[PDB]
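Undergrad: Protein chains in written order, with PDB author numbering: chain B, 1038 to 1146; chain C, 890 to 938.
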Amino acid sequence: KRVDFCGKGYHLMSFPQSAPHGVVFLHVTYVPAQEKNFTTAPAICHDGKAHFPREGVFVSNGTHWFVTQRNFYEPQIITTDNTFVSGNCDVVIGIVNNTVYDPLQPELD
Amino acid sequence: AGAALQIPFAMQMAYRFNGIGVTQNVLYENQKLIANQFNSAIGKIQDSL
Ligand SMILES: *[C@@H]1O[C@H](CO)[C@@H](O[C@@H]2O[C@H](CO)[C@@H](O)[C@H](O)[C@H]2NC(C)=O)[C@H](O)[C@H]1NC(C)=O
Ligand SMILES: *[C@@H]1O[C@H](CO)[C@@H](O[C@@H]2O[C@H](CO)[C@@H](O)[C@H](O)[C@H]2NC(C)=O)[C@H](O)[C@H]1NC(C)=O
Ligand SMILES: *[C@@H]1O[C@H](CO)[C@@H](O[C@@H]2O[C@H](CO)[C@@H](O)[C@H](O)[C@H]2NC(C)=O)[C@H](O)[C@H]1NC(C)=O
Ligand SMILES: *[C@@H]1O[C@H](CO)[C@@H](O[C@@H]2O[C@H](CO)[C@@H](O)[C@H](O)[C@H]2NC(C)=O)[C@H](O)[C@H]1NC(C)=O
Ligand SMILES: *[C@@H]1O[C@H](CO)[C@@H](O)[C@H](O)[C@H]1NC(C)=O
């Protein structure tokens, strides 16, 4: 996890080869590509409660809000298993209104 | 690690709080105090210099 100790990018793995009086390291790394821009927010307010992502960031495609993982764009809908709650929505700078979906009660019809 | 991708600075500070074991609500609920403390700490360096 040391930055730039094993090449440029996120180190995946490395292979050694012998040279005359030396060694050659072939570093395999992961390099992110083809980014898009989005709107973002730190928390989400629902029922007077602030919701934070467990892992990921809240992003908006223009009209809807999703959670994604931070390094590869893979959007999902914001549920109570995606997030955790802390406090009320009066203290966070930049909080946004949206609905956080519960699975249990629409299972219970 | 590649191309520069923008992110707002308080959200970068929250990632970094996660990287030491503190949840990020602890940053967002203290943002103003944390920024005051950083500013006083930076203002103390030029005084010693
Ligand atoms: C943002 O993504 C959503 C996808 O959830 C698009 O909204 C539509 O949402 C309904 C119900 O959620 C789906 O049945 C549709 O298939 C979605 N797409 C369309 C084209 O109707 C929404 O269009 C996206 N917004 C932008 C600006 O890209
Ligand atoms: C990001 O910065 C913009 C300014 O560029 C902020 O927008 C202003 O919001 C205030 C309310 O606090 C309004 O009174 C101003 O009229 C807005 N200005 C513009 C140019 O839109 C925005 O609130 C900031 N975002 C956050 C999360 O603080
Ligand atoms: C997000 O939703 C909340 C919940 O209603 C909004 O809070 C209201 O804000 C208006 C204007 O600031 C007040 O007149 C109401 O009294 C508030 N309602 C409650 C129940 O407190 C909040 O304004 C919404 N945020 C945005 C940006 O529209
Ligand atoms: C955590 O520590 C900080 C000290 O940096 C406290 O904030 C200070 O509190 C004193 C009260 O004695 C104020 O006079 C200062 O102005 C505060 N500093 C800043 C930068 O706001 C804070 O109260 C402490 N929190 C708790 C829960 O004890
Ligand atoms: C994102 O938008 C900015 C302008 O706000 C633009 O300069 C940048 O090239 C865009 N990047 C992508 C991936 O769309």
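Note that CB positions come from ideal geometry on N, CA and C, so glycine has one too.
Cβ closer than 7 Å: which chain B residues qualify as neighbours of C/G891?
TA: Here residue 891 of chain C refers to the residue found at position 2 of the second sequence. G1046, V1068, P1069, listed in chain order.
Undergrad: Figure out for me which residue from B/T1077, B/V1137, B/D1084, B/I1132 has the closest Cα to the Cα of B/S1097.
TA: Start at 1 with the first residue of the first sequence, and residue 1097 of chain B comes out as number 60. Of B/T1077, B/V1137, B/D1084, B/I1132, the residue nearest in Cα terms is B/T1077.
Undergrad: Per DSSP, what kind of secondary structure is C/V915 in: helix, strand or coil?
TA: Along the second sequence, one-based indexing puts residue 915 of chain C at 26. Three-state result, C/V915: helix.
Undergrad: Would you report the Cα separation of B/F1089 and B/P1057, rounded to the nearest angstrom?
TA: Residue mapping note: residue 1089 of chain B aligns to position 52 of the first sequence, counting from 1. Residue mapping note: residue 1057 of chain B aligns to position 20 of the first sequence, counting from 1. Each residue's alpha carbon lies about 55 Å from the other.
Undergrad: When the Cβ atoms of the stretch 910 to 921 of chain C are set against those of the stretch 1129 to 1141 of chain B, are three or more pairs found closer than 8 Å?
TA: They touch, by the three-pair rule.
Undergrad: Using 10 angstroms around the beta-carbon of C/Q913, count the other beta-carbons present and answer buried if the total reaches 16, otherwise exposed.
TA: Translated into positions along the second sequence, residue 913 of chain C becomes position 24. Answer is buried; the Cβ neighbour count reaches 16.
Undergrad: Between the beta-carbon of B/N1108 and the beta-carbon of B/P1069, is there less than 8 Å?
TA: If you number the first sequence from 1, residue 1108 of chain B lands on position 71. If you number the first sequence from 1, residue 1069 of chain B lands on position 32. Yes. Within cutoff.
Undergrad: Which runs of the beta strand (DSSP E) fall wholly inside the stretch 1069 to 1097 of chain B and span at least 3 residues, in chain order?
TA: You should have 1076 to 1078, 1081 to 1083, 1086 to 1090, 1094 to 1097.
Undergrad: Whole angstroms is fine: what's the gap from residue 1010 of chain B's alpha carbon to B/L1145's?
TA: Here chain B has residues from 1038 to 1146 only, and residue 1010 of chain B is not among them.
Undergrad: Whole angstroms is fine: what's the gap from B/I1114's alpha carbon to C/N928's?
TA: The residue given as residue 1114 of chain B occupies position 77 in the first sequence. The residue given as residue 928 of chain C occupies position 39 in the second sequence. Rounded to the nearest angstrom, the two C-alpha atoms are 38 Å apart.
Undergrad: Grab me the residues of B/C1082's own chain with a C-beta within less than 6 Å of its C-beta, minus the 5 sequence neighbours each way, in chain order.
TA: Here the question's residue 1082 of chain B lines up with position 45 in the first sequence. Correct list, in chain order: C1126, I1132, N1134.
Undergrad: Residues in the same chain with beta-carbon distance under 6 Å from B/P1112, minus the five sequence neighbours each way, listed in chain order, please.
TA: Locating residue 1112 of chain B in the first sequence gives position 75, counting from the first residue. For B/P1112, where only same-chain residues beyond five positions count, the Cβ hits under 6 Å are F1103, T1105.
Undergrad: Let me check you understand the geometry: is the CB of B/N1108 closer than 7 Å to at least one non-hydrogen atom of ligand 3?
TA: In the first sequence, the residue the question calls residue 1108 of chain B occupies position 71. Incorrect: B/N1108 has no Cβ contact closer than 7 Å to ligand 3.
Undergrad: Taking the continuous beta strand (DSSP E) assigned at B/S1123, which residues delimit it?
TA: In the first sequence, residue 1123 of chain B corresponds to position 86, counting from 1. Per DSSP, B/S1123 belongs to no beta strand (DSSP E) and is neither H nor E.
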